[PDB]
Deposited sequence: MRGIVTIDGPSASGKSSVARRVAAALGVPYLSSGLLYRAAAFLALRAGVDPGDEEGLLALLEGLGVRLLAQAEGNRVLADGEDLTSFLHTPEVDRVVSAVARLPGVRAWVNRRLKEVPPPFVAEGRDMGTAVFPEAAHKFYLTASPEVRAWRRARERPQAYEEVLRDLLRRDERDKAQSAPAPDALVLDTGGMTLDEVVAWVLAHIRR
């Protein structure tokens, strides 16, 4: 089955998912590799990383695959393993701009939905429901003050104002899925949240 870990910004959802997967001996689906793959393919093909229709045609055309493995995921394009090229400074430079294109996000989400279970992943991509039928859903919540507090401490004021905007922006998603098990992480360490999650699976 699929285990999903969701929550607001700076909720520690990714760190938790990575530990949960590691403990279960399953892969953790980190979206970053696919966005990097998209950037890489764009730069290699001479396709402007700002040209969405051109990039999408290229990505869909090549047939991209996320090989999920407990020891580390791989990304293949037309059967070629590109994984070792995804963290260079040229890819780093344009990857964010690429990830801001809505059609690329949808492409990434479709690549995520093709991976055969089991694995741990984030159930949502902002307002998009990526793994709505996962057998084990968990929602990690905490006050913006505690999330900001941990994120920083004088900077607390700044970090907080940022988190509050994202919370304001992401109002509709500031709630768990109907069948999600909720955990307030206030007063708990990373290891404690991980333990709590594993204990409810």
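A.B. asks: Note down, first to last, the deposited-sequence stretches for which the model contains no C-alpha atom.
C.D. replies: In sequence order, the gaps with no modelled C-alpha are 1-2, 155-157, 207-208.
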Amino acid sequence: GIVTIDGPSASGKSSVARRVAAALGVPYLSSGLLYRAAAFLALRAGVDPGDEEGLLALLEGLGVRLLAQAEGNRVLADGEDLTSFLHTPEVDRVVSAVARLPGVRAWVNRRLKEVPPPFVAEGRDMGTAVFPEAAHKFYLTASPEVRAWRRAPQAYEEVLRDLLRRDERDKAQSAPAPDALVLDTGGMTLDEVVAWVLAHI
From here on, numbers count along this sequence of modelled residues.
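A.B. asks: When the Cα temperature factors in the entry are averaged, is it 3-11 or 191-199 that ends up higher?
C.D. replies: The stretch with the larger average C-alpha B-factor is 191-199.
A.B. asks: If you take the mean CA temperature factor per stretch, which one wins between 56-64 and 161-169?
C.D. replies: Stretch with the greater average CA B-factor: 161-169.
A.B. asks: Say you rank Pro132, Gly32, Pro176, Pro49 by Cα B-factor from the PDB entry; which sits at the top?
C.D. replies: Highest C-alpha B-factor among the listed options: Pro49.
A.B. asks: Among the choices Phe40, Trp149, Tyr28, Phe138, identify the one whose CA B-factor in the record is greatest.
C.D. replies: In this record, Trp149 carries the highest C-alpha B-factor of the candidates.
A.B. asks: Taking the values exactly as deposited, rank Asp81 by C-alpha B-factor within its chain and report the matching third: lowest, middle or highest.
C.D. replies: Within its chain, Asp81 is a middle-third residue by C-alpha B-factor, going by the deposited values.
A.B. asks: Among the modelled residues of this chain, does the Cα B factor of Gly72 put it in the lowest, middle or highest third?
C.D. replies: Ranked within chain, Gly72 CA B lands in the highest tercile.
A.B. asks: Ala21's Cα B-factor: lowest, middle or highest third of the chain?
C.D. replies: Ranked within chain, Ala21 CA B lands in the middle tercile.
A.B. asks: Within this chain, which third does the Cα B-factor at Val104 fall in: lowest, middle or highest?
C.D. replies: Its C-alpha B-factor, which the entry lists for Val104, ranks in the lowest third among residues of this chain.
A.B. asks: Ranking every modelled residue in this chain by its Cα temperature factor as given in the entry, which third contains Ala97?
C.D. replies: Middle third.
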